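# Structural overview
The chain contents come next:
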Amino acid sequence: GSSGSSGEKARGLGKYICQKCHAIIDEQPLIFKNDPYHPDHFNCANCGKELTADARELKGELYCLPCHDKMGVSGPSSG
Ligand SMILES: [Zn+2]
Ligand SMILES: [Zn+2]
(Lines give C-alpha, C1' and ligand atoms only; values in the text may rest on other atoms or scores of the structure.)
(Ligands and ions follow the chains in the order given, each with its own letter.)
Protein backbone atom coordinates (compact mmCIF):
# COMPACT_ATOMS: atom_id res chain seq x y z
CA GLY A 1 0.00 0.00 0.00
CA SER A 2 0.93 3.66 0.41
CA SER A 3 3.93 4.03 2.72
CA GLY A 4 2.48 5.81 5.74
CA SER A 5 -1.22 6.56 6.13
CA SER A 6 -4.15 7.69 3.97
CA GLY A 7 -7.79 8.41 4.74
CA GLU A 8 -8.75 11.68 6.41
CA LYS A 9 -11.33 14.40 5.74
CA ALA A 10 -12.46 17.64 7.39
CA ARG A 11 -14.82 20.51 6.58
CA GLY A 12 -14.34 22.80 9.57
CA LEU A 13 -15.36 25.95 7.71
CA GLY A 14 -15.11 28.62 10.39
CA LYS A 15 -13.89 32.16 9.76
CA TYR A 16 -10.81 34.36 9.39
CA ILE A 17 -8.69 34.27 12.54
CA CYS A 18 -7.23 37.64 13.52
CA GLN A 19 -3.44 37.45 13.40
CA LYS A 20 -3.38 40.07 16.15
CA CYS A 21 -5.72 38.94 18.93
CA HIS A 22 -6.24 35.43 17.55
CA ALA A 23 -10.03 35.76 17.59
CA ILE A 24 -12.63 34.82 14.98
CA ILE A 25 -13.39 37.63 12.54
CA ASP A 26 -17.16 37.49 12.07
CA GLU A 27 -17.14 40.69 10.02
CA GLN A 28 -14.97 41.28 6.95
CA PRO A 29 -11.37 40.42 7.94
CA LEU A 30 -8.93 43.31 7.50
CA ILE A 31 -6.08 42.03 5.33
CA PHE A 32 -2.73 43.63 6.13
CA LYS A 33 0.73 42.53 5.00
CA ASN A 34 -0.77 39.27 3.73
CA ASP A 35 -2.48 38.46 7.03
CA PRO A 36 -5.99 38.68 8.54
CA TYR A 37 -6.72 41.33 11.17
CA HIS A 38 -9.52 43.27 12.86
CA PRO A 39 -10.51 46.58 11.21
CA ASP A 40 -11.27 47.86 14.72
CA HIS A 41 -7.75 47.35 16.08
CA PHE A 42 -6.21 50.04 13.88
CA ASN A 43 -7.55 53.55 13.31
CA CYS A 44 -7.25 56.09 10.49
CA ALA A 45 -4.24 58.42 10.46
CA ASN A 46 -5.93 61.51 9.01
CA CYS A 47 -9.12 61.81 11.05
CA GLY A 48 -8.32 59.14 13.62
CA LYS A 49 -11.45 57.00 13.52
CA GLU A 50 -12.10 53.26 13.70
CA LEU A 51 -10.82 51.93 10.38
CA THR A 52 -12.74 49.30 8.41
CA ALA A 53 -12.11 45.92 6.77
CA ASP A 54 -11.81 47.69 3.42
CA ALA A 55 -9.35 50.22 4.85
CA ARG A 56 -6.77 51.15 2.21
CA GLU A 57 -3.10 51.06 3.23
CA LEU A 58 -0.84 54.06 2.65
CA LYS A 59 2.92 53.54 2.97
CA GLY A 60 2.42 51.07 5.81
CA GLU A 61 -0.33 53.17 7.36
CA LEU A 62 -4.07 52.53 7.13
CA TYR A 63 -6.75 55.09 6.23
CA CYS A 64 -10.53 54.78 6.16
CA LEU A 65 -12.45 54.74 2.88
CA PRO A 66 -13.88 58.17 3.80
CA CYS A 67 -10.44 59.77 4.07
CA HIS A 68 -8.78 57.70 1.34
CA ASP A 69 -11.41 59.06 -1.06
CA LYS A 70 -10.43 62.58 -0.02
CA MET A 71 -6.90 61.85 -1.22
CA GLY A 72 -7.23 60.95 -4.89
CA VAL A 73 -8.62 64.37 -5.78
CA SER A 74 -7.13 66.90 -8.20
CA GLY A 75 -7.89 69.17 -11.14
CA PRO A 76 -5.78 68.80 -14.31
CA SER A 77 -4.55 65.20 -14.19
CA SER A 78 -2.03 64.17 -16.84
CA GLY A 79 -1.08 60.50 -16.97
ZN1 LIG B 1 -8.07 41.18 16.45
ZN1 LIG C 1 -10.18 58.69 8.05
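Method-wise, the PDB entry is recorded as coming from solution NMR.

This paragraph deals with the coordination of the zinc ion (ligand 2). Around the zinc ion (ligand 2), the protein contributes the donor atoms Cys44 (SG), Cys47 (SG), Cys64 (SG) and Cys67 (SG), at 2.3 to 2.4 Å from the metal centre. Taken together, the four donor atoms coordinating the zinc ion (ligand 2) span angles of 101 to 118° at the metal, a pattern that classifies the geometry as tetrahedral. For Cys47, a relative accessible area of 45% corresponds to the partly exposed category.

A cluster of acidic residues, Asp26, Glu27, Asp40 and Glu50, forms a negative patch at the surface. Tracing the backbone through its elements, the reader meets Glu50 in the segment before β1 (56-58). When its relative accessible area of 47% is taken as the criterion, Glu50 is described as partly exposed.

This part takes up the nonpolar core. Core analysis: the largest hydrophobic core is formed by 12 residues, namely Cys18, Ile25, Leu30, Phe32, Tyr37, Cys44, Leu51, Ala55, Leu62, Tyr63, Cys64 and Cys67. Each residue touching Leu51, except ones within four places of it in the same chain, is listed here: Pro39, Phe42, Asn43, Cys44, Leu62, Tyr63 and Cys64.

To continue, consider the coordination of the zinc ion (ligand 1). Ideal geometry at a metal centre gives angles of 109.5 degrees when four donors are arranged tetrahedrally and 90 or 180 degrees when six donors are arranged octahedrally. Within the first shell, the zinc ion (ligand 1) binds the protein through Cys18 (SG), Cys21 (SG), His38 (ND1) and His41 (NE2), at distances of 2.1 to 2.4 Å. Around the zinc ion (ligand 1), the four donor atoms are arranged such that angles at the metal cover 95 to 130°; this shape is classified as tetrahedral.

This part takes up the packing of aromatic side chains. All told, the structure shown has two aromatic pairs when counted by the stated rule. A ring pair is formed by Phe32 and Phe42, whose centres lie 6.2 Å apart and whose planes are at 40°; its orientation type is tilted. Residue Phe32 is found in the segment before β1, and its partner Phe42 is found in the segment before β1; the two are separated by 10 residues along the sequence. Owing to a relative accessible area of 14%, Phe32 belongs among the buried residues under this scheme. Relative to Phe42, the ring of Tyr37 lies with its centre 6.2 Å away and its plane at 90°, an arrangement referred to as edge-to-face. Relative accessible area serves as the criterion here: at 14%, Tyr37 is assigned to the buried category. Among the aromatic side chains, those forming a connected cluster through ring pairs are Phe32, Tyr37 and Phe42.

What counts as what
- Residues numbered from 1 in each chain as written, not as in the entry; some residues may be left out.
- Chains lettered and ligands numbered in written order.
- Heavy atoms only, no water.
- Donors = N, O, S within 2.8 Å, 3.2 Å for Na, K, Ca; no water.
- Tetrahedral: all angles 85-135°; square planar, octahedral: opposite > 155°, others 65-115°.
- Buried < 20%, exposed > 50% of the residue type's maximum accessible area, 1.4 Å probe, protein only.
- Patch = residues over 30% accessible without salt bridge, like charges linked within 9 Å, V, L, I, M, F, W, Y side chains within 5 Å.
- Areas by Shrake-Rupley, 256 points an atom, 1.4 Å probe, with all protein chains shown as cover.
- Salt bridge = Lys/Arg side-chain N within 4 Å of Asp/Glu carboxyl O.
- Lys, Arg positive; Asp, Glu negative; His and termini not counted.
- Charge placed at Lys NZ, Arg CZ, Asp CG, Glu CD.
- Helix = DSSP H or I, 4+ residues; strand = E, 2+ residues; numbered from the N terminus.
- Core = buried A, V, L, I, M, F, W, Y, C linked by side-chain atoms within 4.5 Å.
- Contact = heavy atoms within 4.5 Å.
- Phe/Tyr/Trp six-rings, centres within 6.5 Å; stacked < 30°, edge-to-face > 60°.

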